[PDB]
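Taking it in order: structure first as structure tokens, then the write-up.
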Amino acid sequence: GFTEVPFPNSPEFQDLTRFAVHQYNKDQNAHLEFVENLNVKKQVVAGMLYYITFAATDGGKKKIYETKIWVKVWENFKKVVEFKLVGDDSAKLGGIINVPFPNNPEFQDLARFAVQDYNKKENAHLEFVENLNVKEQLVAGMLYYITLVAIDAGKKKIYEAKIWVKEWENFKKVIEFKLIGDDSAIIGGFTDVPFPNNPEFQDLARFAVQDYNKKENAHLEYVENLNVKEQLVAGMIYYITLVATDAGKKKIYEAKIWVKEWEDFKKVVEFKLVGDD
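If you count the sequence shown from 1, position 195 lands on 201 in the deposited numbering, and the numbers rise without skipping.
What follows is the structure in structure tokens.
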């Protein structure tokens, strides 16, 4: 349980608050100004957790906020795990930020946790393979958007798991788990691409989208990539998993593009809808 702290505006507590306040202001592009910690609690957890009630003005106007700061001084670690204006319907939700290494074992475990969760709830037998993409969001805690590949009935398919985790509590929970559609198998070895949304790759995916548009009389509107995989052959082949809107509806597609630069050769060999349709 929490515990009252008999020194609200302590230098180290005034420290914690402005750390939170600084991040919010920047991540959100705002200008909260810290005045005074009104109240401070403390919970011994995986490390310490401080629930901080403080006063801030936002261009002259008096406002009360609350933040939950997770700290592990033995790692030089402090993460803001909630930030909220009293009262408001909810906590201040952060932007949905993309995470460049979707297969860092911590997300592989999130993914597996979600796959098993679904296996129990649906009496199913899905089989994880890899993550294609992870997005993170500051909520009350963290929410991860995982786009994964799982083998079902022997066939690779793409699923999306939304999972909520309060890491200081060792707590996690599936918020949403849904089938997107069929994955298209790569066959052979591949190299991953750490940043699937570099200009190089955004231009290739846009090329394929226009190619598909022209060829099927469609009007897909490119949004971004989720994942890029490469392999050297004669020239290079890119396997691109991307989102496009089709009449405002977000869809996922898989493109296969074959490039031979000395030939000025660029060819879309496969472009397929995964799902969301």
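For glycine and all other residues, C-beta sits at the position ideal for the given N, C-alpha and C.
Verify whether the separation of the beta carbon atoms of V87 and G147 is less than 8 angstroms. Yes, these two residues count as a Cβ contact at 8 angstroms.
- prompt: Quick one: what's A62 bridged to in DSSP?
  reply: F40, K69, per the DSSP bridge assignment.
Does residue 297 pass the burial test, meaning 16 or more other C-beta atoms within 10 Å, or should it be called exposed? Because the chain here runs from 7 to 283, residue 297 falls outside it and cannot be looked at.
Review point. Grouping DSSP H, G and I as helix and E and B as strand, with all else coil, what is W170?
Key: Three-state result, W170: strand.
Check: How long is the line joining the alpha carbons of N139 and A191, rounded to whole angstroms?
Finding: In this structure, the alpha-carbon of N139 lies about 17 angstroms from that of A191.
- prompt: Does the beta-carbon distance from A224 to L248 come in below 8 angstroms?
  reply: At least 8 angstroms separates the beta-carbon of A224 from that of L248.
Check: By Cβ distance below 8 angstroms, which residues in the same chain neighbour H37 in space, the five residues on each side in sequence not counted?
Finding: Once the five neighbours on either side are set aside, the close Cβ partners of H37 are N31, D64, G65.
Collapsed DSSP secondary structure at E81 in the structure displayed
Coil at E81, not helix or strand.
Practice item. Please say whether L99 and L144 have beta carbons closer to each other than 8 angstroms? Key: Yes; because the gap between Cβ atoms is below 8 angstroms, this pair is in contact.
Let me confirm a value: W174 is counted as buried when at least 16 other C-beta atoms fall within 10 Å, else exposed. Which label applies? Looking at its Cβ environment, which holds 16 or more other Cβ atoms inside 10 Å, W174 is buried.
With distance defined between alpha-carbon atoms, name the residue in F177, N231, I246, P106 nearest to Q237. The closest CA to that of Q237, considering only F177, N231, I246, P106, is found on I246.
_Helix, strand or coil for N31? Go by DSSP, reduced to three states._
Per DSSP, reduced to three states, the secondary structure at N31 is helical.
(request) Write down every uninterrupted run of the alpha helix (DSSP H) in the segment 106–148 whose length is 4 residues or greater and which is fully enclosed by it, in chain order. (result) Entirely contained in the segment 106–148, the alpha helix (DSSP H) runs reaching 4 residues are, in chain order, 111–127.
Original post:
Where does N176 fall in DSSP's three states?
Top reply: In the structure shown, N176 sits in coil (DSSP, three-state: anything other than H, G, I, E or B).
**Study point:** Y165 versus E133, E230, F40, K47, residue with shortest Cα-Cα distance
**Key:** When C-alpha distances from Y165 are compared across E133, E230, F40, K47, the shortest belongs to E133.
Give the secondary structure of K220 by DSSP, where H, G and I count as helix, E and B as strand, and everything else as coil. Three-state result, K220: helix.
- Query: Would a C-beta distance cut-off of 8 angstroms place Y259 and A253 closer than the cut-off?
  - Reply: The criterion of a C-beta distance shorter than 8 angstroms is not satisfied by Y259 and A253.
Beta-carbon contacts of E227 that lie in its chain and below 7 angstroms, excluding the five residues immediately before and after: Closer than 7 angstroms at Cβ, skipping near neighbours: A250, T251.
Exercise for the section: Sort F183, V265, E267, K67 by Cα distance to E128 and report the nearest one. Expected result: Of the listed residues, the one whose Cα sits closest to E128 is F183.
| said: Once the 5 residues before and after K273 are set aside, which same chain residues still bring their CB inside 8 angstroms of it? | reply: Residues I263, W264, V265 of the same chain have their beta carbon placed closer than 8 angstroms to that of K273, with the five preceding and five following residues left out of the count.
- Item | Contacts around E142, its chain only, beta-carbon distance under 7 angstroms, and the 5 residues preceding and following it disregarded | Closer than 7 angstroms at Cβ, skipping near neighbours: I103, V105, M148, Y150.
Which residues in the same chain have their Cβ closer than 6 angstroms to the Cβ of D158, if we skip the five residues on either side of it in sequence?
So the list reads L132, once near-sequence residues are dropped.
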